[PDB]
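1. using only what follows, build the 3D model:
(chains A, B, C, D, E, F, G, H and I, ligands or ions: 9)
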Amino acid sequence: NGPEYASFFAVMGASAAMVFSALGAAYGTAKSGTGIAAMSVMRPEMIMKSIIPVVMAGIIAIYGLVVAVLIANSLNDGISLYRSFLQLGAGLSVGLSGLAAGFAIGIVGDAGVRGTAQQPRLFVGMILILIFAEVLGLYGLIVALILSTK
Amino acid sequence: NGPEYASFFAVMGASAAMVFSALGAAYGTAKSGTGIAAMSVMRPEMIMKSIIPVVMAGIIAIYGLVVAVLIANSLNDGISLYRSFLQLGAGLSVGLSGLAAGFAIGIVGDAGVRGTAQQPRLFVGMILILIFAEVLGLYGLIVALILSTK
Amino acid sequence: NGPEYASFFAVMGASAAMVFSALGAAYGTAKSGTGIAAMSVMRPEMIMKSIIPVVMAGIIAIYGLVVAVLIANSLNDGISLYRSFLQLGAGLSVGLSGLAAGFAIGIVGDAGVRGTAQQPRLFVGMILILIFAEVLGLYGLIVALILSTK
Amino acid sequence: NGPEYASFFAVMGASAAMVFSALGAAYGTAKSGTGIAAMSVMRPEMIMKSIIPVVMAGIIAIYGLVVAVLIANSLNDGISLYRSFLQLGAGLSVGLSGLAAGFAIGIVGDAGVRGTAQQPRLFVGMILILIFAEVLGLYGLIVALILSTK
Amino acid sequence: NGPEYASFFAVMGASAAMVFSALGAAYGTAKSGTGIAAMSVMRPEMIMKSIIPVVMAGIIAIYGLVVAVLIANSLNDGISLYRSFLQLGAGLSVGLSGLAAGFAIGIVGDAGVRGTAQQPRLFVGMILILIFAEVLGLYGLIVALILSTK
Amino acid sequence: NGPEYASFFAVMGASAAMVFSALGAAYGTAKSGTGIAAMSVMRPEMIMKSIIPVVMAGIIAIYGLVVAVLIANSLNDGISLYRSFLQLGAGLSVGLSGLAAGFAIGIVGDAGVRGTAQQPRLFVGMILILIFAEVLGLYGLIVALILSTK
Amino acid sequence: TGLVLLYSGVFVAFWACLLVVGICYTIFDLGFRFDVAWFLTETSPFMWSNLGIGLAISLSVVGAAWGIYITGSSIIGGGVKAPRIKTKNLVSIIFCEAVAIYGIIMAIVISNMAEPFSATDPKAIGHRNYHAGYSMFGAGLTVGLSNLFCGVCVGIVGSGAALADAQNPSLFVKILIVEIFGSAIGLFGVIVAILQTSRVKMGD
Amino acid sequence: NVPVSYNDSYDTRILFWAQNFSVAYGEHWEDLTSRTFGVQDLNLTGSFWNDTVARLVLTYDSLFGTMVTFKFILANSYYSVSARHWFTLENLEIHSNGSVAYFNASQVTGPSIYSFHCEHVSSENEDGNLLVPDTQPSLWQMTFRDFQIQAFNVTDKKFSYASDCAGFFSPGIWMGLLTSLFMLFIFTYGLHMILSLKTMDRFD
Amino acid sequence: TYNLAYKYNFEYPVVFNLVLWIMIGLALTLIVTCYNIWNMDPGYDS
Ligand SMILES: CO/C1=C\C(C)=C\[C@@H](C)[C@@H](O)[C@H](C)C/C(C)=C/C=C/[C@H](OC)[C@@H]([C@@H](C)[C@@H](O)[C@H](C)[C@@]2(O)C[C@@H](O)[C@H](C)[C@@H](C(C)C)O2)OC1=O
Ligand SMILES: CO/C1=C\C(C)=C\[C@@H](C)[C@@H](O)[C@H](C)C/C(C)=C/C=C\[C@H](OC)[C@@H]([C@@H](C)[C@@H](O)[C@H](C)[C@@]2(O)C[C@@H](O)[C@H](C)[C@@H](C(C)C)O2)OC1=O
Ligand SMILES: CO/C1=C\C(C)=C\[C@@H](C)[C@@H](O)[C@H](C)C/C(C)=C/C=C\[C@H](OC)[C@@H]([C@@H](C)[C@@H](O)[C@H](C)[C@@]2(O)C[C@@H](O)[C@H](C)[C@@H](C(C)C)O2)OC1=O
Ligand SMILES: CCCCCCCC/C=C\CCCCCCCC(=O)O
Ligand SMILES: *[C@@H]1O[C@H](CO)[C@@H](O)[C@H](O)[C@H]1NC(C)=O
Ligand SMILES: *[C@@H]1O[C@H](CO)[C@@H](O)[C@H](O)[C@H]1NC(C)=O
Ligand SMILES: *[C@@H]1O[C@H](CO)[C@@H](O)[C@H](O)[C@H]1NC(C)=O
Ligand SMILES: *[C@@H]1O[C@H](CO)[C@@H](O)[C@H](O)[C@H]1NC(C)=O
Ligand SMILES: *[C@@H]1O[C@H](CO)[C@@H](O)[C@H](O)[C@H]1NC(C)=O
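-> Numbers count the residues shown, from 1 in each chain, chains lettered A, B, ... in the order given. Ligands and ions are numbered 1, 2, ... in the order given. Shown next is the protein structure:
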């Protein structure tokens, strides 16, 4: 097997995959949800059609839970030091890239639902930029699924 | 063969190629995504052709996705310490220069689509500056492909 | 042959040459790219002539590339510690001097292009100052060549 | 000869002589070069008369280049620790004293060319101050030649 | 003779005698060089007489040159640890006391030539306070010659 | 006797008694030297009666130069670690308590000479506060004497 | 910035000093003196176990109280003119109060698993008591920080929903959906925290 | 004056210096540094060498009652995580007459290229003494006021560079520093908020 | 028999941490104090 301290890096790979992707999902819901609650007084009709920047920030939360369940179930007493460094680098790669994909949903989703309240022609353009900011968390997932499942 | 902690630097090249290029692709998407929603309130015709500064930010993310798959598929237990340092610098090269390229696409893609709203003649000039700020991610790719494949 | 930690200082010369010259080439493209969008709204004839301060910032990008390939092609398993330190100071000397040359290009290229919108005689004087900020990245190139080739 | 780590302090004298004199020459051409653009709107005649703070800031860059070539040609595999300490202090003496001289040229050369826009009598007085900010890099040169050529 | 690393502290006193005294001589020239420009638009006749506060700051640089030449001529391989600690305190007490003396010259020389423009009677009073801020660099000279030559 | 590194703490007491004291003498000269330049435009007769805060602050440098001579004359080869720590505390208690007396002269002497222009009655009161602000530099001297004789 | 210069002056001087020290342990072969093995094994697992219980509850009620004062200043600030807010907009307070319920539950679930032993050798203290020490640190960190982020997330949305209820009283039941998605982040930290301490047993 | 030096070949082997070798049986303390590193004629009965196992036996024939011998057991293994060769003093043993002491000696390790050196390798555990007995009511006690031993890479009959025992940090400091520098972050978060609760200028 | 080690005392981690965390606790107390007296802002037009 591995040394006695070997399970420290796989634990910090299950923590940082959920902590750093909770900060992206909390920023993407609070920064854009500030924009929802302020556009709604002037346009109370598009209040439900503009929820979708906060359900896209919630996918970043479940991108980090898929790997934090995968790591915390494959972790056992005394894994090798090679296998725990893999699951540390699989934890930082989806957490810190979900933190970037949660920032770029918060800043786009806030500005998008203000430009949609002033002009409804932006809604097809807003949900097209929001895919480009949401695949950044998917690129971190498909390389955390490569690293953890070695 | 090499030590057991040799795989620490090899998974910090698979992580830093993905987290630093997603933090560059977030700044290219978010900062230039407020520029779209600020210009589309007056010019709703130029929405679908202003996705070019956030499309070119999305290629910065898939530069780091390619290197983080090349590094993670060339991983074994007990690799040498020399090959471990190559893949650490292959993550920092495509990562921290894709972050520099994402910083520049975010600034000239935001300010470019502000001047394109005030004048339709800047659309060819803004694209040429976006090419110079997107080969910075390409220059970091060809050093990451040289270093990781030695 | 050299010790096992010796190859870390040579990959961190190949990486620091690329990511510090890209940070200089990004600041020359970002700050002098917003000078184009603020100039063109009154004088849109000099748009293509104003691509020069982002062209001269783009040569600093390849001053660091031609030694990041030069260091990464002299890398061997077990290089000496003296050979490995020469390539560290060849990366830190074209990077941090190319970062200085890109810092000076983005300041005088932004202020110069904003200056030729109201005075067209400044353009032959702005392009002369950009030569002086260009050779700061060239002086770091010819001293990174006499360090790597030793 | 000497120890194996001895060549580290001489390489960090070859690179610190370059990157700190290129940061002084960056601040010399960028801070004074942004004063040429503000002078040009009312006095477009003395554009070529105002490259003198930019020319004398490029002299600081070739002061650091001469010492950095002189240090990098005095390198051998296995120099003494005394000799490589001499060239570390020969790099700081022309780097960090060229960073001071290039900071002083960029400050008085900025206010000098904005003062000759409103009164051309300052032009014979502007150059006479800049020689006093020029010799601070020259004093750092002639202590770097003394320290390195021992 | 002394240890191998004993020459490190003597050369650091040879560099800091020139680094910190040129940083004070530059601030005395740069801060009192902007005061010449603000004086110039009112009193053009006082140009050549106001180059005195940057002449006095020019002697701060040669206070550090005659200590850095003095240390770098008495250097020898194998100096004792006691003799090199004497020359570290000889360079710290002539550089950092010339950095303070150059700070006070650049402040009373800047404000002194502002009040000389509005009133010419201050010029004999400004030249008195420039003397008292000059001897702070001369007091550091006479404690550098005590520590270095002993 | 003592170890070879014992003479380092005594030369850090000879340097810090001159560095930290000429920094307090520079602040009392610079902050009050702008008090002379702003006062004299209104009341140009008091440029010889009112330089007494500059002359009073020129003694803080002399109080530190005195201790830096008693320390640098009691330096011989092989002083004990006990006797060298006494000269370190004699160099900080006269340098950093001269930095205090240089603050309280520079703030009082600045505002005290503005209030003497508008009313000549303050000259007896302003010179009385400079008695209480200068004895902070004298109390640090007589505790540097009581440490250096041991 | 006055005080942020102190926090950035220490953070720069810490990592610039670890840059110099880091290139002086490798460079004169003293790597062997670093010993991250000796740090992780000679520090007591009761230190990591009680920085997990100490941070499960305290960092939850940091974010539970950070989310209360953000939206509680908008209840009383927005409810001066429209005092009908103070009874309908209390479920924003409850949604950041429930993130401290997840703290005190997951602080006494983790605390039931810490039990004393008597060994002192890192071979006598096996890699079950070390895994139990690290997994209690990493479960109080993923339930303390994930509720510190969830509690401010349902406070910023709750402060915006309390200022939209002041204008139109019909808008609150539709911005309540955004606080549901925000309060699901805190429940996701509890799912990971019960899976990090599922197969954990400490003691001998 | 000179260290003990065993050799089997023409080349020299294991060598051991101290400044005060002293032992105690019961409560009678007998100093032995005058019979060891100055007398130049020691009874090194079996001083083994095998490049992976080395023993240093010192026998004195004038001690507490009878002939009493001291054994220094060393080993030299290849550790896969560190990818090096680390020597370790295995145990140190004393055989008086029909009895074995079995003094355990961890923290007397180091890389095989370098030697060990410590200032107190005494017995009688107070906080961190390196020689611990196997059972705590131990009749034997020994004390080294200086200590320097090397095995497995002795070259030219002299010590190499020393892997010292002291270090910048001890394991009791690392736990006390990770606690003090953690609630210093809690304190300066709670002091930054009270440094910014500024009052008003006017009243109505 | 040569090349004896340098004789560091046994309490070296104690004296290192007593000096280090005081001399940067008395330097940060000194830097913060001299920062506040340097930027005093007395108020000076009259
Ligand atoms: C929404 O995510 C879409 C694709 C995704 C996820 C691609 C990633 C894998 C991306 O990682 C990378 C960048 C690759 C890439 C290149 C994608 C281009 C995508 C589409 O482009 C075809 C856009 C869409 C922008 C584009 O189709 C626009 C409709 C448009 O066609 C309008 C044109 O007027 C405009 C000029 C043209 C230019 C800008 C490309 O784009 O659609 C999509 O379905
Ligand atoms: C090739 O790049 C030029 C110089 C470069 C890069 C020099 C580097 C090698 C450098 O290492 C240094 C600076 C060499 C040096 C010191 C050149 C000095 C002046 C150049 O001349 C030779 C000017 C100068 C001809 C010209 O640019 C100005 C228009 C002017 O001729 C017009 C005059 O009104 C003006 C007052 C006069 C002053 C400024 C010298 O110069 O140009 C250049 O092209
Ligand atoms: C630029 O070339 C001059 C000096 C240079 C380049 C010096 C350095 C390279 C370095 O080598 C030197 C050593 C710096 C230094 C130690 C200069 C000393 C004195 C000179 O002598 C006053 C003035 C002086 C001749 C003159 O420039 C001033 C104009 C003037 O002196 C003349 C009058 O206008 C005015 C009334 C007078 C005042 C204050 C009474 O100032 O240096 C020069 O000229
Ligand atoms: C070993 C002791 C070292 C630690 C001691 C730290 C104690 C700090 C004490 C005082 C620092 C506060 C000084 C700053 C004054 C605040 C000025 C103001 O807020 O107006
Ligand atoms: C140690 O070496 C010497 C010199 O070769 C030899 O005479 C002696 O016999 C050796 N010691 C033993 C115990 O063989
Ligand atoms: C230590 O050695 C000295 C002489 O070397 C001796 O007098 C003393 O008794 C020894 N210490 C003890 C505790 O025996
Ligand atoms: C060396 O000797 C020890 C003890 O006698 C033995 O266990 C080991 O196998 C030997 N090794 C070799 C290589 O002879
Ligand atoms: C050895 O045996 C004798 C027999 O009585 C006893 O007195 C003595 O104490 C023994 N030696 C030791 C060291 O106990
Ligand atoms: C103590 O020594 C015995 C030798 O019989 C060994 O088996 C045991 O592992 C040692 N224990 C420790 C904690 O070193």
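2. which residue comes closest to residue A:82 once chain neighbours are left out?
-> Once flanking residues are discounted, residue A:82 sits nearest to residue B:77: 4.1 Å by CB to CB, 6 or more residues apart in numbering or on different chains. Where you see a C-beta, it was placed from the backbone N, CA and C, and this is true even at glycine.
3. name the element residue H:168 belongs to?
-> Using DSSP states H and E, residue H:168 maps to neither a helix nor a strand.
4. so what's it closest to, chain neighbours aside?
-> Nearest residue to residue H:168 in three dimensions, chain neighbours excluded: residue I:16, at 5.3 Å (CB to CB, 6+ apart).
5. secondary structure of that neighbour: a helix, I assume?
-> Yes. Residue I:16: assigned to a helix according to DSSP: H, G, I helix; E, B strand; the rest coil.
6. verify the contact between it and residue H:170 for me.
-> No. Counting by CB atoms under 8 Å, residue I:16 does not reach residue H:170; the two are 9.9 Å apart.
7. between the two, which is the more surrounded one?
-> residue H:170 (19 against 16; other CB atoms under 10 Å in any protein chain shown).
8. who touches the closest residue to ligand 2 within chain H in this structure?
-> Scanning chain H for the residue nearest ligand 2 gives residue H:168, at 48.3 Å (criterion: CB to the nearest ligand atom). Shown in contact with residue H:168 (CB atoms under 8 Å, 6 or more residues apart in numbering or on different chains): I:12, I:13, I:16, I:17.
9. gap between it and residue G:172?
-> From residue H:168 over to residue G:172 the distance is 59 Å, taken as CB to CB, to the nearest Å.
10. same check on residue I:2?
-> 85 Å.
11. same check, this time on residue H:13
-> In terms of CB to CB, residue H:13 sits 85 Å off from residue G:172.
12. now the strands for chain A?
-> With DSSP state E as the criterion, chain A has no strands.
13. cool, chain H as well?
-> Here chain H has its strands, by DSSP E, at H:4-5, H:15-18, H:21-25, H:28-31, H:53-59, H:69-79, H:84-95, H:103-105, H:109-111, H:115-118, H:131-133, H:140-144, H:147-150, H:162-164.
14. picking that back up, residue I:2 and residue G:172: who's more crowded?
-> Counted by other CB under 10 Å, residue I:2 and residue G:172 do not tie: residue G:172 has more neighbours, with 20 against 9.
15. which parts of chain I sit against ligand 4?
-> Neighbours of ligand 4 within chain I, by CB under 6 Å from any ligand atom: I:22, I:25, I:26, I:29, I:32, I:33, I:36.
16. check which helix or strand covers the first one.
-> In other words, residue I:22. Using DSSP H and E, residue I:22 sits in helix I:12-23.
17. longest helix in chain A, please.
-> The residue-count maximum for a helix in chain A (DSSP state H) belongs to helix A:81-118.
18. mind giving me the packing neighbours of that helix?
-> helix A:7-39, helix A:52-74, helix A:123-132, helix A:135-148, helix B:6-39 (3 or more CB pairs under 8 Å, 6 or more residues apart in numbering or on different chains; DSSP states H and E).
19. wait, which of those is closest to chain E?
-> Nearest to chain E, of all the helices and strands packed on helix A:81-118, is helix B:6-39, at 30.3 Å by CB to the nearest CB.
20. now the angle from that closest one to helix B:52-73?
-> On the basis of axes from the mean of the first three to the mean of the last three CA atoms, to 10 degrees, helix B:6-39 is oriented at 170 degrees to helix B:52-73.
21. helices and strands around helix B:6-39, which ones?
-> The helices and strands touching helix B:6-39, judged by 3+ CB pairs under 8 Å, 6+ apart, are helix A:81-118, helix A:123-132, helix A:135-148, helix B:52-73, helix B:81-118, helix B:135-148.
22. sorry, back to before: report the inter-axis angle for the longest helix of chain A versus helix A:123-132.
-> Using the same axes, to 10 degrees: helix A:81-118 against helix A:123-132 is 170 degrees.
23. I figured residue G:71 hits residue G:93, correct?
-> Yes. In this structure, residue G:71 is within contact of residue G:93 by CB under 8 Å, at 6.8 Å.
24. residue ranges of the helices in chain G, please?
-> Per DSSP H, chain G carries helices over the ranges G:4-25, G:36-42, G:45-78, G:85-88, G:91-110, G:129-140, G:145-164, G:172-196.
25. save these as CSV, and put in distance to ligand 1 too.
-> Output for these, formatted as CSV (distance: least, CB to the nearest ligand atom, whole Å):
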stretch, distance to ligand 1
helix G:4-25, 34
helix G:36-42, 38
helix G:45-78, 34
helix G:85-88, 39
helix G:91-110, 33
helix G:129-140, 33
helix G:145-164, 27
helix G:172-196, 22
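26. I'd like those as TSV, with distance to residue A:3 appended.
-> Putting the helices of chain G into TSV (distance: least, CB to CB, whole Å) gives the following:
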stretch	distance to residue A:3
helix G:4-25	21
helix G:36-42	7
helix G:45-78	15
helix G:85-88	57
helix G:91-110	24
helix G:129-140	9
helix G:145-164	27
helix G:172-196	20
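27. quick check on the residue lying farthest from the centre of chain G: phi, psi?
-> Residue farthest from the centre of chain G, counting by CA atoms, centre = their mean, is residue G:28 at 40.2 Å. Torsion angles at residue G:28 (phi, psi; degrees, to the nearest 10) stand at phi -130, psi 100.
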